[PDB]
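> Return a 3D structure for these sequence lines:
(8 chains, ligands or ions: 8)
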Number of protein chains: 8
Amino acid sequence: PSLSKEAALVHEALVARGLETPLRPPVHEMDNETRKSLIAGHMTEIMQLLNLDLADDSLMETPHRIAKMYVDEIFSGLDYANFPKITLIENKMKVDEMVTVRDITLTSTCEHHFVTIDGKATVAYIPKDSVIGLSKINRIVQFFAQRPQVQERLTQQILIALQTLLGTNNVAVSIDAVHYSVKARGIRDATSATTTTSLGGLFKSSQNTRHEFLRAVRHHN
Amino acid sequence: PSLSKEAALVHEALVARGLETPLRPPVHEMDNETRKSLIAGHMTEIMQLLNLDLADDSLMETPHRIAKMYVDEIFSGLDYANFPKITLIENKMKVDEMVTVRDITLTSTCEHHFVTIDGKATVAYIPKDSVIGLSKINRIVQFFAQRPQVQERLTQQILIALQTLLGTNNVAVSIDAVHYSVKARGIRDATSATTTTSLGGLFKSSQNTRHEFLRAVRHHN
Amino acid sequence: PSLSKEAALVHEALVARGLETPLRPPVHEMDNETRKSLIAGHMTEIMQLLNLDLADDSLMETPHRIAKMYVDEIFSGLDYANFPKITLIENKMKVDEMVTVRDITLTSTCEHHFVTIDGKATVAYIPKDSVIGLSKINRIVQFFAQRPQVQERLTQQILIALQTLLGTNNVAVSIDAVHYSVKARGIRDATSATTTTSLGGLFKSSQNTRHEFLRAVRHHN
Amino acid sequence: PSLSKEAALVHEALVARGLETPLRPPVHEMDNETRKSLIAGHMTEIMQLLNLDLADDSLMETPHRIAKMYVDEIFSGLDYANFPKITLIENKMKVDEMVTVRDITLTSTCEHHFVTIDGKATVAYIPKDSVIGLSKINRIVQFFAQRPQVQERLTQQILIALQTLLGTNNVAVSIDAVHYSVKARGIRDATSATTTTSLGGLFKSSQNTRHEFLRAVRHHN
Amino acid sequence: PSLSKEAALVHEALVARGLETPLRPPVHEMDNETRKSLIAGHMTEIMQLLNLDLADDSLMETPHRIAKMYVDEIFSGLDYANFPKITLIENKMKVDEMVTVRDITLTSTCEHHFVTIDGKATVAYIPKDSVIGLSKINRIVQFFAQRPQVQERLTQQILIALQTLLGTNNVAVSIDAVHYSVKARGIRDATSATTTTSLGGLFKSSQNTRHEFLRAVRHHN
Amino acid sequence: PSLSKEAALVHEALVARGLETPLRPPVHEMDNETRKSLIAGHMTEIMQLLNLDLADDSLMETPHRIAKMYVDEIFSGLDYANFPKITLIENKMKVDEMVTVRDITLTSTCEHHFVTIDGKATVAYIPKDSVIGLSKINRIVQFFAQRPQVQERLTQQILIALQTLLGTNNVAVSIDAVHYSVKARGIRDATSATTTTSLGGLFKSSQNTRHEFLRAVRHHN
Amino acid sequence: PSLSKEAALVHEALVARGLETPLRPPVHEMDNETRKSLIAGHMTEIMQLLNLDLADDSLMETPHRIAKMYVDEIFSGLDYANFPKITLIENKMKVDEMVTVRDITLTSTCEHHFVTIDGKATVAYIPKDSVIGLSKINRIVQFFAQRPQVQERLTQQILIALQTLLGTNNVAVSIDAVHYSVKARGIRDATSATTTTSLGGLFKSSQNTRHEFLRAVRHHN
Amino acid sequence: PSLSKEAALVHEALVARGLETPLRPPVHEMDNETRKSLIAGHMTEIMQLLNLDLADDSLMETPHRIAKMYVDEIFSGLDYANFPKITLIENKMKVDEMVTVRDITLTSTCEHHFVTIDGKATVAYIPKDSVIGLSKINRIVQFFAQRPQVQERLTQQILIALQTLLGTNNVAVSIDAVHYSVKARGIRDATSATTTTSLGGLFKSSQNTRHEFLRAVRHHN
Ligand SMILES: Nc1nc2c(ncn2[C@@H]2O[C@H](COP(=O)(O)OP(=O)(O)OP(=O)(O)O)[C@@H](O)[C@H]2O)c(=O)[nH]1
Ligand SMILES: Nc1nc2c(ncn2[C@@H]2O[C@H](COP(=O)(O)OP(=O)(O)OP(=O)(O)O)[C@@H](O)[C@H]2O)c(=O)[nH]1
Ligand SMILES: Nc1nc2c(ncn2[C@@H]2O[C@H](COP(=O)(O)OP(=O)(O)OP(=O)(O)O)[C@@H](O)[C@H]2O)c(=O)[nH]1
Ligand SMILES: Nc1nc2c(ncn2[C@@H]2O[C@H](COP(=O)(O)OP(=O)(O)OP(=O)(O)O)[C@@H](O)[C@H]2O)c(=O)[nH]1
Ligand SMILES: Nc1nc2c(ncn2[C@@H]2O[C@H](COP(=O)(O)OP(=O)(O)OP(=O)(O)O)[C@@H](O)[C@H]2O)c(=O)[nH]1
Ligand SMILES: Nc1nc2c(ncn2[C@@H]2O[C@H](COP(=O)(O)OP(=O)(O)OP(=O)(O)O)[C@@H](O)[C@H]2O)c(=O)[nH]1
Ligand SMILES: Nc1nc2c(ncn2[C@@H]2O[C@H](COP(=O)(O)OP(=O)(O)OP(=O)(O)O)[C@@H](O)[C@H]2O)c(=O)[nH]1
Ligand SMILES: Nc1nc2c(ncn2[C@@H]2O[C@H](COP(=O)(O)OP(=O)(O)OP(=O)(O)O)[C@@H](O)[C@H]2O)c(=O)[nH]1
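Numbering: from 1, shown residues only, chains lettered A, B, ... in the order given. Ligands and ions are numbered 1, 2, ... in the order given. Shown next is the structure:
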């Protein structure tokens, strides 16, 4: 058991363009449980360098929690052994109109601070030879989001990965989000938010198809 | 008594486009009541296979309910013996402008999980030689909605049917919906929603007409 | 005392187009208070057929009311003797831009079921040599509304009516409305609504004008 | 086949208090199809009395429609032969706290003008020995709603009927609604709305229980 | 490995009150993959019994999907092997005031129809010796929500379980939920929603405390 | 320069009640700029255990930002050298009613995951001999907000701090917050929120006062 | 002391286009206080003509009140001695983009019934050689508002005045408003409203500029 | 230590277009503390001119406060010493689509009265060779804002300054603000607001890009 056929295509396709998350070759496959006990230590250290009484029955566990949260959760998207199982059906209905999925839950982390990123993504595409199972578009967004990110790049990734799996370039990804490393820290701006978009295929070349999308983006409930 | 003049025209027209819902020739007409007893038999088993104390007064009747639900309710739209009665009125006012019926209630089920689909549909058209009774639009939407469905197809069928019955191509359908097989299970995205559309006639070729429609789409109360 | 100049013009213009509500020549003018008596009698017969105890002090006067409501109220628009008193004012300010009246209260009845029609209307036009008194637009919408109606036609009449009076073809009418014979009966669609429009003059030929209008249409408070 | 056991109890329990809708002993059972043909003739008359060219392909069917709508739909609750099938389950959970079913859809007709009544009902009860199937409180409300009504009484019947089937006085009912006979005609008050309630059992004696309810009433979405 | 300490206590606590979901002694431990393949079989039947072309590449998988869904998902709460890991921390701050967790996401299924139940819960308690890790309340709620349910009971269990684990009877649970077997099928009430509550400890005996709770329940965003 | 008079009292006050955040005797005052460098290197380690390319001109600096954040930012509230400069003004207007500050911006971190906490807090007190300057309330909240926290404890600290500085027991603190370690990870509850309250003096003893406060709590814009 | 340079130009500019409010040459300068005493008299008369007990301590002063209101208040824009002191600043910043002041409070009187007109005005212009003080657009609007008006015209005067004072024609003005002599009297239309617009310069010739404006017109809060 | 490279480029770039705030050569660098004592002196003087009892322990400090505020806060943007530390990253992801930062908290003061200005700014740019870190756009906006301003100029400075640091003319800036010197003083308009914008690069020449921006402007929550 290695990877998946789609995960390969997708990963490679992102490296070609250099839109892959800056990683170093894994080299040797250091036990996964081993990386948690190690990471925990470094935390068990940072907490002491801050004078946090690790004798406390609550703070005590913290280090193992943060470790687990890193290896197994908020960053699981860095291992392609986690790429969502993609499923498509043949386009017999012949849908030549865009299918949209709006207000997709996106939970991420800026790579600059390792601080929360709360945002919504709106994906859209024009089926060609096949139609993707709706939920997939969800799982894919969340996949790339579970990584130390940069908004402008996270968007590009979602765009390319979908084109790849879809077999078209007629895909559009738009992400609207808030950076707590901007809201609860430093400039502490309570009301701003950043919106990034990546247009492919007709979405970028056709003035008409372009705006037909942008207009239907950014909705509440 | 066999069927109706509209039900056939619409049905045959949909098979021509291979847009009908994947069915097998009925073959013989086994007693409608007989099916509910059989389908009832199986579920009785599945519930046993789940360790569900079928002695209990409440669960006891469940099997019969599901069967009834499948045969006589949520899938009723599979039998054109239930196609809504269509009634038209000559277009003497010569209405050359599009009529729009928005926020139409649409209840359905995904054929992949046999799970609830909740959304609203929007239909518009341009009367040619006849205007359809407003409640017919509603009724046709709810007819095809009452089947094991796929949102991309469901939108297509409604289009074609109304085109057939109305005798024009100038018809536009636009469904918005939430798949619980995508919200309460699996990826569990609690905020996402899928928007599909089917544009015909001028609603597809006329840049102007097209947008006029789309712009008036997606409304709350 | 016959009718009114405008009334006549408007009436004839609508008969010219055949956009008059389907009526039969009055013939003789059978006492108005005499029809109320015959109609009240028929309602009495119907109520009895419904096993309603007409002996009851409350149900007792229902017939008289329903008869009254029919002849002297909800259908009062069927007699041009009720046409609003129009009044204009020379266009000395030289208004060459459209004037708009949005969210006009429109009460009407569906001629198919004699049930309530609840909707709002938006009227706009471009002054030529005269400017109508604002409340006039209102009175006229409610005049035509007070008849057994068909939305598509109710809209055509108002358009033409104002065209006649204003003396321009630059008038647009749009009606958003809810049909209770849809909502509370039959399909019972609690959320749906129908929007029908009628564009004239520049509003129909000028893409620019046409959209400037439609955009300002459909508002709340 | 006569009626149902519960349909009886309720009817009886309703006549006892004199809260039944003013009805006359049916006498002979006049064929149902016979009434609709007799009532239709009556509308055919009233329409000719309004100078409605019944020759028109549209206005032509109106009579049979109204007739069918009277006998088969909007008043079908005047026949206990339509009473919903009540079903209950043993209160093994011993739920000694109230169960509320809010914003229940209620469609009705005022007996004074045979005009539309648009409202929402909120029902609550404290289970005693049995817990009613949720969709039953909905069915009973709509049952009595489908009759020529007076809001004040409409509330009363629901309350009683429920108390009866439940075997408890602990039931509270409250309806919130708009009479179009007051909004689209006559005083034409577009904003008013009427609220009427009927507190039973502890909902009327317990100062605490009472308010707990009232406060939990009148909600939007 | 059998179960967990807490899992047993809560399970017994419920059976002792007769609040455990009506089940049957599992008997033998038949292979888990074995049930899906069986369940999958029957479903394959029912689908055939409905004339659904199992030949189609999409519906082809459905039987295996529903099987998976039943055993491995939506009903996953029936196997106490999945009870969330509970973790508390000595009440050293002596929090003598109630802690409230609102708008908790709740997904369930009605044992009566095996249909979706969309709802939100509001849990609150008053710390005695221990404070529960916030997310545990959320976990316990979705734990019992993943079973063939009945709102009135679901609310009960959640209370009892919490009381058990927390070591106090001062715990209130309130669920507001929409049953789709009542909104997209049957009476089809597009707006009603049921609200059930279960008060314990002071939340039931103390008038003040009881109301402090109920007043802050039912919130949007 | 050691500290401030206020800072001491408050700190002593909290220690006395055991409501101080779990810490360890500082011992020696190792260079603040030396701790940053060690913490930074430890992050450098974790990032290399995740397979991140620290070579990237962007990820390159993260280790320093985080080190800066943890020492000179998100936890600054651990050092009372940073305690806000409180300033009072004799109560000559004899204000004997409560002063309430609502929707105070509160930015915090959970000591269980070292993750974001987004919330607002409302604080009210009854001026005795002095009236605190409105912004100090804000400052004081944020002071205790910047620390590895537990909401329950965060609430108490703020309360006692204020009591102490105000020379009264009549203050009330309420924090309504959202934990991302609950929203964007784990159970992932997109909608839940936690409300905690701390009542002192009258706000706890007088049912009259108590509710006056609680009701005026939880506001939007 | 006679008038003001600007006031003069603006006045003449308006007289030139014939957009001045229908007035008569003052002739002689009758004392201002003298007019109040005369007007008051007439009101005293009319009120007696309404059988109002002018003996009552309250109704007694109404006469002097209406007079004072007519002379020194609601119609004060009828005297250019009140025109606002305009003030401009050289456009060194070279702003070649439009400046928009939206939602400006506009209070006027319909000359037809001497009844309240409630609305909001939106003004936009493209700076040429000078930039007007913001507050001025406000003042100027209110200046022409305090007069017996006609919406279509009150809009014209604003445009022209503004163009004149600004030394440009790139000016746009839009007023959205309610006329109580239409809401609470006559047709009594509780929900309708009027919108009037006057486009100048590029706002009238440039398709682009036009829409950019219209689109940012009509906002709430 | 003098200033910063960027601070320089920007400052000059502005001096070239004359968009710098009207300032006089510093000449000498009088001690900063020295200024606060003199400025405080004048205020101590002005308050005595207004018969304000400076004896009062509260009004006492005020002079120093207003001194401090002028020199160290609301005007700190007048000394490039406070210019934010910009930090970019190479555009390897080649983002050829605009990046939008909406609803930036902007706090300023009109130079005409030295009174509050509360608003929000929206910025967009198309990455050329570099990508600005997000929080930067925020601090740049807040830099220039902290000055005796003029909304039409404040906008320009933000445009120019950004362009210069970005290396592109493809930078757009909008400022929706409320001038209190207009709301709570003079004309006192409690509802109006001013909107200004500055378009550069494609945002100005390309009709497409231009609207794509404008449309996405003016948002709430
Ligand atoms: N395009 C489309 N996809 C649908 C529709 N209904 C369900 N689906 C998709 O069908 C897929 C189910 O694919 P499977 O391969 O069986 O996997 P699964 O275990 O059901 O996967 P998840 O549902 O994502 O947990 C998903 O992608 C659903 O989102 C529908 O109307 N249209
Ligand atoms: N373009 C972009 N910038 C991001 C993203 N996430 C964090 N940033 C920005 O990266 C920058 C961090 O820059 P640094 O120079 O290390 O400075 P800092 O001390 O973190 O600065 P502040 O965040 O303003 O306090 C800031 O501009 C963050 O807001 C992201 O997804 N995209
Ligand atoms: N085009 C149009 N149709 C209308 C209007 N008002 C009511 N109708 C439709 O006219 C039809 C009545 O057709 P019938 O054939 O008598 O059938 P019915 O039993 O009355 O129809 P249902 O309402 O579906 O029960 C329905 O489709 C109504 O919804 C209206 O203003 N315009
Ligand atoms: N209490 C009550 N009154 C109702 C109800 N429905 C209609 N009504 C009232 O019954 C009255 C009809 O009384 P009538 O004496 O016939 O007078 P009318 O000309 O029909 O009355 P207006 O509606 O004022 O035009 C009105 O006051 C209606 O508003 C209802 O459910 N409850
Ligand atoms: N009472 C309280 N609990 C908190 C607070 N912040 C985090 N927690 C809870 O502390 C717990 C962490 O307990 P652990 O046993 O380490 O479990 P975990 O895997 O980290 O927790 P989850 O995965 O989130 O269920 C969870 O219940 C968190 O949600 C807080 O302010 N107050
Ligand atoms: N009290 C309660 N009733 C429920 C719940 N879920 C489903 N039900 C009700 O159980 C009943 C099903 O009763 P049956 O006698 O089988 O009738 P049915 O044809 O399924 O009923 P209808 O739903 O009215 O069509 C209905 O009242 C459902 O709405 C639940 O959580 N609580
Ligand atoms: N265009 C612009 N005008 C501003 C700005 N700030 C204040 N103003 C306007 O500048 C003007 C001050 O003009 P002055 O002639 O001194 O008169 P004033 O007594 O201050 O004016 P009023 O505010 O009408 O009382 C007013 O129109 C203010 O509203 C700003 O940023 N831009
Ligand atoms: N176009 C315009 N009409 C206005 C304006 N103000 C009042 N009016 C209209 O001027 C008319 C007065 O005309 P009249 O012939 O005296 O009739 P009336 O009895 O006052 O009119 P009703 O209000 O319909 O009763 C009405 O149509 C008012 O609504 C205004 O600013 N613009």
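> alpha carbons only for contacts and neighbour counts from here, please
OK.
> near chain B at all, the biggest strand by length in chain A?
Ranked by residue count under DSSP state E, the longest strand found in chain A is strand A:99-110. Yes: Strand A:99-110 lies in contact with chain B when judged by C-alpha under 8 Å from any C-alpha of the partner chain; the contacting residues are A:99, A:100, A:101, A:102, A:103, A:104, A:105.
> That strand pairs with which strands?
With DSSP bridges as the test, strand A:99-110 is paired with strand A:116-125 (antiparallel), strand A:148-149 (parallel), strand B:193-199 (antiparallel).
> Please pull up the helix or strand immediately following the longest one.
Read it as strand A:116-125. From strand A:116-125 onward toward the C-terminus, using DSSP states H and E, the following helix or strand is strand A:130-132.
> So is that next one next to ligand 1?
Yes: contact between strand A:130-132 and ligand 1 is present through A:131, A:132 (criterion: C-alpha under 6 Å from any ligand atom).
> Would you mind pulling the contact partners of that strand?
The set of residues external to strand A:130-132 that reach it, using C-alpha atoms under 8 Å, 6 or more residues apart in numbering or on different chains, is A:86, A:87, A:88, A:89, A:90, A:91, A:166.
> Could you identify the most distant pair in the residues you listed?
Looking at the contacts of strand A:130-132 by C-alpha to C-alpha, the two members farthest from one another are A:86 and A:91, with 15.6 Å of separation.
> How is chain A divided into domains?
A:1-85, A:86-221 (curated CATH domains).
> what's the offset of the longest one from the middle of its chain?
Translated: domain A:86-221. Mean C-alpha position of domain A:86-221 versus that of the full chain (C-alpha atoms, centre = their mean, to the nearest Å) differs by 9 Å.
> ok, residue A:195 touching residue H:101?
Yes: the criterion here is C-alpha atoms under 8 Å, and residue A:195 meets it with residue H:101 at 6.4 Å.
> Leaving out the residues flanking it, which one is nearest to residue A:121?
If you skip the residues right next to it in sequence, residue A:121 has residue A:175 as its closest partner in space, 4.2 Å away by C-alpha to C-alpha, 6 or more residues apart in numbering or on different chains.
> Assign that neighbour to helix, strand or coil.
Assigned with DSSP: H, G, I helix; E, B strand; the rest coil, residue A:175 falls in the strand class.
> okay if I get the strands paired with strand A:99-110 as a markdown table plus mean neighbour count?
Compiled in a markdown table, the strands paired with strand A:99-110 are given as follows (neighbours: other C-alpha atoms under 10 Å in any protein chain shown):
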| stretch | mean neighbour count |
| --- | --- |
| strand A:116-125 | 24 |
| strand A:148-149 | 24 |
| strand B:193-199 | 23 |
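> of all those strands, which lies closest to ligand 5?
With C-alpha to the nearest ligand atom as the measure, strand A:116-125 is the member of these nearest ligand 5 (15.0 Å).
> Next, find the distance separating the residue nearest the centre of chain A from residue G:26.
Geometric centre of chain A, nearest residue: residue A:145, 1.8 Å, by C-alpha atoms, centre = their mean. The spacing between residue A:145 and residue G:26, counted by C-alpha to C-alpha, to the nearest Å, is 76 Å.
> Could you say which helix or strand holds the residue in chain A sticking out farthest from the centre?
Using C-alpha atoms, centre = their mean, the residue of chain A lying farthest from its centre is residue A:55. It sits 36.7 Å away. Residue A:55 is located outside every helix and strand, with elements delineated by DSSP H and E.
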